[PDB]
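**Student:**
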Ligand SMILES: CC(C)CCC[C@@H](C)[C@H]1CC[C@H]2[C@@H]3CC=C4C[C@@H](O)CC[C@]4(C)[C@H]3CC[C@]12C
Ligand SMILES: CC(C)CCC[C@@H](C)[C@H]1CC[C@H]2[C@@H]3CC=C4C[C@@H](O)CC[C@]4(C)[C@H]3CC[C@]12C
Ligand SMILES: N=C(N)SCCc1cnc[nH]1
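Protein chains in written order, with PDB author numbering: chain R, 12 to 158, 161 to 204, 298 to 329, 336 to 373; chain G, 7 to 62; chain A, 2 to 58, 181 to 361; chain C, 1 to 121, 134 to 247; chain N, 1 to 128; chain B, 2 to 343.
#1: Taking the alpha helix (DSSP H) that residue 87/C belongs to, which residues open and close that run?
#2: Can you list, in chain order, every residue whose CB sits closer than 6 Å to a heavy atom of ligand 2?
#3: Kindly indicate which residue of 173/B, 252/B, 14/B, 211/B has the alpha-carbon position closest to the one of residue 140/B.
#4: Do you know whose CA, among 241/C, 210/C, 177/C, lies nearest residue 199/C's CA?
#5: Between which residues of its own chain and residue 230/A is the CB-CB distance below 7 Å, once the five residues before and five after are set aside?
#6: To be precise: take each residue of the region 89-105 of chain N, compare its Cβ to all Cβ atoms of chain B, and keep it if any distance is under 7 Å. Which residues remain?
#7: So residue 61/B and residue 330/B are supposed to be a Cβ contact under 8 Å. How far apart are they, rounded?
#8: Between residue 199/A and chain B, is there a C-beta pair that is closer than 9 Å?
#9: Is residue 56/R near ligand 1, judged by its Cβ being under 8 Å from some heavy atom?
#10: Out of curiosity, what's the CA-to-CA distance linking residue 266/B and residue 246/B?
#11: May I have all residues whose beta carbon comes closer than 5 Å to any heavy atom of ligand 3, sorted in chain order?
#12: According to DSSP, simplified to helix, strand and coil, what is residue 46/C?
#13: Would you check if the distance between the CB atom of residue 313/B and the CB atom of residue 57/B is smaller than 9 Å?
#14: I'd like to check one pair, residue 99/R with residue 142/R: are the Cβ atoms closer than 9 Å?
#15: Measuring from the CB of residue 59/R, is there a heavy atom of ligand 1 at a distance below 8 Å?
#16: With residue 99/R as the anchor, note down where its beta strand (DSSP E) starts and where it stops.
#17: Report the rounded CA-to-CA distance for residue 32/A versus residue 201/A, giving the unit in angstroms.
#18: If we ignore side chains and look at the alpha-carbon of each, how far apart do residue 216/A and residue 253/B end up?
#19: Looking at the C-beta of residue 325/B, does it have a partner C-beta in chain G at a distance below 9 Å?
#20: Spell out a yes or no on whether the region 146-166 of chain C and the region 104-121 of chain C are touching, meaning 3 or more CB-CB pairs, one atom from each, closer than 8 Å.
#21: Please name the residues in the region 58-72 of chain B whose beta-carbon is closer than 7 Å to at least one beta-carbon of chain C, in chain order.
#22: Let me see if you follow: with CB-CB separation under 9 Å, is residue 13/A close to chain B or not?
#23: On the DSSP bridge assignment, give the partners of residue 98/N in chain order.
#24: Name the one or two DSSP bridge partners that residue 338/B has.
#25: Taking residue 5/C and residue 95/C to be in contact with their CB atoms under 8 Å, please state how far apart those CB atoms are, rounded to whole angstroms.
#26: Assuming the contact rule is C-beta atoms closer than 8 Å, residue 62/R and residue 34/R should be a hit. Round their C-beta distance to whole Å, please.
#27: Please report the distance separating the alpha-carbon of residue 46/G from that of residue 38/G.
#28: Just to confirm my understanding: we take residue 102/B, look at its own chain, exclude 5 residues before and 5 after, and list those with CB closer than 6 Å. What are they?
#29: Use the C-beta contact count for residue 278/B: other C-beta atoms within 10 angstroms, 16 or more gives buried, fewer gives exposed.
#30: Starting from residue 57/R, find everything on chain A with Cβ-Cβ shorter than 7 Å and list it in chain order.
#31: Touch check for the region 132-139 of chain B and the region 167-186 of chain B: three-plus C-beta pairs under 8 Å?
#32: Less than 8 Å between the CB of residue 132/R and some heavy atom of ligand 1, yes or no?
#33: Can you find at least 3 beta carbon pairs, one from the region 93-102 of chain N and one from the region 35-46 of chain N, that sit closer than 8 Å?
#34: Would you say residue 36/N faces chain A, with C-beta separation under 9 Å as the test?
#35: Going along chain R in order, which residues have a C-beta closer than 9 Å to the C-beta of residue 34/A?
#36: Would you call residue 138/R buried or exposed, if buried means 16 or more other Cβ atoms sit within 10 Å of its Cβ?
In structure tokens:
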């Protein structure tokens, strides 16, 4: 079908854009060798999460929904685990970057002179990945053991589990990021349009991209369509917007991009 | 104390004014006769093959 | 691993053990903040460094180490060098800040200090280093302007057309003449500071007496602000 | 000046345990890898153990592996060898040896004094042969000592790893030549070393009366350092 | 090679006028900001006036502002100082100084003693 | 008076010297080198990068064996590198962290360093105790040390920012000879191949040729317009090259006693900080403050190549005695070895 072919082409182009942006971010990180600061490490972690999103989630999703080919049951479980792990890892990396900026602004002499860490960075990456998995993975496995025909987690029938998972994975990150950004803005104004606009945009992109799907699934669980699919895709679109917002707006990474290109 | 410095400068000028000088043609020809006589012994000019490079 | 002899591997091990100590030295290098002290014959910088190292514990460079709120400052004062600063001032292009001391009560040699400040501000290698400007001898200046034949108008003709602004905020008990002279002198340097700053460059002007205790806190706060703006610049915030 | 003093030797029954110590004074003990080398009562030198500069690399001879253990106390400048299950073949004199490794260093330069120990009642080794075990010499005449290994000692670095040592009667060995051609500090210019991969020669030109002793030939090409039989020069 | 030769300047009554000239050779006149400095009798070197490469930026020392004017001829390679309404404290040895490097705003060591790029000076005596 | 007459006599002597120099200018060097083949394009690729120092690398010096190298950085450290394997042979902390110069003894037993401390420190690399120990401190100059060059294990020439060079006796620590001709900070010095003469460039646009054995200036060369930061002898010892704040290098001859060629371009407006010749003496390697390095054809003055691999100003530049590699240091705490490709 022509319309199905065009739709698959557009989704493949979106996946290619995500993969390409994250590939340039990672390539700059490897090539420059001056991006060994903790901020560059966290930017690399975020880029890796978004790259794996673009390289695994969408390409496997192209046939399942457009050119019908039922992958199976175990493949559905693996796809769900990978997708949820990567999305939550990206969100937690965003939270960690916001916290690091809050540290850099709140205390400066300590963030420049006293603080030091090499094992801290690897432990933090492992911790954010572990929390990202532990939020959803085991519960998704239990839910898929519970179930039905549609490739879904299967826990959408019960609204308590959805409420708990969404509350943690969205409310805690959004509150923390808003708190950090508002602290930065208010403590820099107390001691400016561009700064406030940038912080508001950084918070708003995350909120707009991650709220509607969770709210819609909670509403449907407590008591598929044309709006549900858009809510599904916005979470993925955040994964394309993140490379240009967080890394490319940092001096070291943009200097590396200017030099390499 | 400018008298002493002036005397020293004048004496140095007399010392430098008694030097024999060759023509620029001869000096230029001599610098060439050195540059294109050790040309093959310059690894930074017509370099050596990769099997003879200490650095690689 | 392979193609390495028995001694060729112990050489690598020794090199790695050297890198270990280099990594340890990097930490102590990053912990301390390095400052460059500058002034003239009558600045009084010697008095401030003595009275600041005492209470806050022919060589070519003198070093002074002090500590405020558990942060370490290492300050360098030049000495036994000659009168041409073209080629040795390029060494201090990565210091945290340039402390610059000016004798305020000397009208004859105030344009000399202004020209020194201009040359320091506009230097290519000191083009991104902030300046902590101390204006010493406020007591001598006070007794000089309060009553005497010395007038700032004979050297700077625009003083007679200068009135202290509405937001003067003078110290209590100051004669309006003294405070007007003080902010005129400070503005004489702030004009140069703001004429070519264009970011990454801020002057911090202070009024210091002969023996003032709160001189380490002033430098500590100024360095706090300087490092904070470095952090803001690296994240494209401000 | 530089001094290494060994202690802890004595008489032990078979199957016992004994610890030897090497105390170093007069040099930076923490910058040198350290070796324990034992010489049988009359059967030449034999390498025992090696510990690195930062104690990160440790090697044992297969004869003593599993029984002996080499350790290092850097603040106290001491080197330890703990021997467990002493056989009757472990009776020997033990020496503690420095070795510093960088581009142009001189390993095995200074040897310890040695402590004696008496006990009452392999596949891939570079075998090195010193066929001439006795040479009669007179002062003023040149002498030549020959050495030969199994595997070639020339590496891709262009470096040939052969060491010539001299043990005088009643004295600890002394490094004469390192890497088959270089002359150790304090060695008179009479000594020379010349070899081609597998066959090596030590030449003494103006032989004096202080050069009588046993000459030993060692390879540092691989990990189990191997010594020669030892050529004896006597009047 | 580098030479800065000043001319003009002599005995003059108070309130008079003078024109100091400085002919430059050995370098490119158009790439260097140039200064007029002064040494009073028994006093240190003092910076009087400054003019940029093109001449858009002109600066004085304040104590002589409004009475002195510094001019720059890049084709004739000359530096001029017009001195009007002289005072008894304007008598001094005047030097024509060049900044050490081209294409720079800062000018280090201009008023130092034994400075390399400076003229021998012209004496001006404002005496009745 | 006496001073005026002395000044007029000095100007007369200047005119006489200028006329004598002009009389022997039969033809320019560029006319004589007008039919030889151009060198082409010297494309040099990076081979090794050495990443030990924590601050600005201010000086370096190759070893005479063409394999070891020394480097000083203003964190207060002096590192000896094995260039072939990028290993670190020695790492020496210094009492003063303001160091502007380096030296490597031709014997190889000693190193030297100095800076804003007005002291030249000599360190003994080959110690029986396994350390690197401060052999000597020479404390005569009243200005910062700009350069230093060994003659043998017991002799060294230093230049200071007080208009003075000095030949020392390392065993006694006393100035054997003093050279007091310059009127500005001496920035560099290069020893003649036979080490019987040397040259010094200073911050007065003049270079001077001194005789070490008798301690008097032989000739003075004044062609530049600003301070000279670098100097190096031609491989045959009968010429030298100078780099200055104006974006021009210049070639001077000791026999014709005048400047021979100028190396400059309109796009280059920064200052040169380091010069060197290749082994044959046909390539002039000039380091610039625009983070680059330029390979000039020393004959024909044509620009042959660019070495653009540094993220900050290039401060030090040296060439292997074999002529096989070029080591360039920079203010970004990195040092890079460059070699050609066949
Ligand atoms: C599918 C899930 C389990 C993936 C697991 C997380 C992966 C992507 C993370 C976790 C820890 C991370 C590593 C942590 C530290 C380093 C060292 C650094 O010098 C290069 C990157 C590297 C090597 C990271 C690569 C990415 C990494 C391996
Ligand atoms: C289900 C929820 C609770 C999972 C965790 C999400 C939030 C709370 C996580 C994600 C990233 C985390 C941060 C990552 C790194 C650091 C730095 C460390 O020195 C202190 C903890 C701190 C500041 C963590 C606090 C908790 C944190 C903000
Ligand atoms: N990619 C989609 N729109 S569905 C699952 C997304 C997700 C939600 N919490 C973790 N991951």
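Here a beta-carbon is modelled for each residue, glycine too, at the ideal position from N, C-alpha and C.
**Tutor:** Inspection of the coordinates gives the following:
#1: For this step, residue 87/C is matched to residue 87 along the fourth chain. First-last for residue 87/C: undefined, no H or E at that position.
#2: The filter returns 103/R, 106/R, 107/R, 110/R, 135/R, 139/R, 142/R, 146/R, 181/R, 185/R, 189/R, in chain order.
#3: The count along the sixth chain starts at 1 and reaches residue 140/B at position 139. Out of 173/B, 252/B, 14/B, 211/B, 173/B has the C-alpha closest to the C-alpha of residue 140/B.
#4: In the fourth chain, residue 199/C corresponds to position 187, counting from 1. The closest CA to that of residue 199/C, considering only 241/C, 210/C, 177/C, is found on 177/C.
#5: Within the third chain, the letter at position 107 stands for residue 230/A. Within its own chain, the residues whose Cβ lies closer than 7 Å to the Cβ of residue 230/A, once the five positions on either side in sequence are excluded, are 273, 275, 278, listed in chain order.
#6: So the close ones are 100, 101, 102, 103.
#7: Stepping through the sixth chain from its first residue, residue 61/B is reached at position 60. Stepping through the sixth chain from its first residue, residue 330/B is reached at position 329. The beta carbons of residue 61/B and residue 330/B sit about 5 Å from each other, so the pair counts as a contact at 8 Å.
#8: Along the third chain, read from residue 1 onward, the residue named residue 199/A stands at position 76. With its beta carbon less than 9 Å from one in chain B, residue 199/A belongs to the interface.
#9: Locating residue 56/R in the first chain gives position 45, where the first residue counts as 1. Yes, the Cβ of residue 56/R comes within 8 Å of a heavy atom of ligand 1.
#10: In the sixth chain, the residue the question calls residue 266/B occupies position 265. In the sixth chain, the residue the question calls residue 246/B occupies position 245. Spanning the alpha carbons of residue 266/B and residue 246/B requires a straight line of approximately 14 Å.
#11: Counting only heavy atoms of ligand 3, the residues whose C-beta sits closer than 5 Å to one of them are, along the chain, 95/R, 98/R, 99/R, 344/R, 347/R.
#12: Here residue 46/C refers to the residue found at position 46 when the fourth chain is read from its first residue. Correct three-state label for residue 46/C: strand.
#13: In the sixth chain, counting from the first residue as 1, residue 313/B sits at position 312. In the sixth chain, counting from the first residue as 1, residue 57/B sits at position 56. Contact: yes.
#14: Here residue 142/R refers to the residue found at position 131 when the first chain is read from its first residue. Here residue 99/R refers to the residue found at position 88 when the first chain is read from its first residue. Contact flag set, yes.
#15: Counting from 1 along the first chain, the entry for residue 59/R is found at position 48. Residue 59/R Cβ: within cutoff of ligand 1.
#16: On the first chain, position 88 is the one that residue 99/R refers to. Bounds of any beta strand (DSSP E) do not take in residue 99/R; it lies within the alpha helix (DSSP H) bounded by 85-117.
#17: What you label residue 32/A is simply residue 31 of the third chain in a count that begins at 1. What you label residue 201/A is simply residue 78 of the third chain in a count that begins at 1. One C-alpha to the other measures close to 23 Å.
#18: On the third chain, residue 216/A is found 93 positions in, with the first residue counted as 1. On the sixth chain, residue 253/B is found 252 positions in, with the first residue counted as 1. Residue 216/A and residue 253/B: Cα-Cα distance of roughly 33 Å.
#19: Position 324 of the sixth chain, counting from 1, holds the residue named residue 325/B. At a cut-off of 9 Å between beta carbons, residue 325/B contacts chain G.
#20: Verdict: no, contact absent.
#21: Within the region 58-72 of chain B, the qualifying residues are 69.
#22: Locating residue 13/A in the third chain gives position 12, counting from the first residue. So, interface residue.
#23: In the fifth chain, residue 98/N corresponds to position 98, counting from 1. Listed as beta-bridge partners of residue 98/N by DSSP are 34/N.
#24: Locating residue 338/B in the sixth chain gives position 337, where the first residue counts as 1. Bridge partners of residue 338/B: 49/B, 328/B.
#25: As a working note, residue 5/C is residue 5 in the fourth chain. As a working note, residue 95/C is residue 95 in the fourth chain. Actually they are not in contact, since the Cβ atoms of residue 5/C and residue 95/C sit about 11 Å apart, beyond 8 Å.
#26: The residue given as residue 62/R occupies position 51 in the first chain. The residue given as residue 34/R occupies position 23 in the first chain. Beta-carbon to beta-carbon, residue 62/R and residue 34/R are separated by about 6 Å, close enough to satisfy the 8 Å threshold.
#27: Counted from its first residue, the second chain places residue 46/G at position 40. Counted from its first residue, the second chain places residue 38/G at position 32. A direct Cα-to-Cα measurement between residue 46/G and residue 38/G gives close to 14 Å.
#28: As a working mapping, residue 102/B is identified with position 101 in the sixth chain. If we look at residue 102/B and ignore the five residues flanking it on each side, its Cβ neighbours are 60, 115, 146, 148, 149.
#29: Taking the sixth chain and counting its residues from 1, one reaches residue 278/B at position 277. Looking at its Cβ environment, which holds 16 or more other Cβ atoms inside 10 Å, residue 278/B is buried.
#30: Along the first chain, read from residue 1 onward, the residue named residue 57/R stands at position 46. In chain order: nothing, as chain A lies at least about 15 Å away.
#31: Counting C-beta pairs closer than 8 Å gives three or more between the region 132-139 of chain B and the region 167-186 of chain B, which meets the contact rule.
#32: In the first chain, counting from the first residue as 1, residue 132/R sits at position 121. Relative to the non-hydrogen atoms of ligand 1, the Cβ of residue 132/R comes within a distance shorter than 8 Å of at least one.
#33: Touching, yes, given that three or more Cβ pairs across the two stretches are closer than 8 Å.
#34: On the fifth chain, position 36 is the one that residue 36/N refers to. Chain A contact via Cβ: absent.
#35: As a position in the third chain, residue 34/A is number 33, starting the count at 1. Going along chain R in sequence order, the residues near residue 34/A (Cβ under 9 Å) are 120, 123, 124.
#36: For the purposes of this step, residue 138/R is taken as residue 127 along the first chain, with counting starting at 1. Answer is exposed; the Cβ neighbour count stays below 16.
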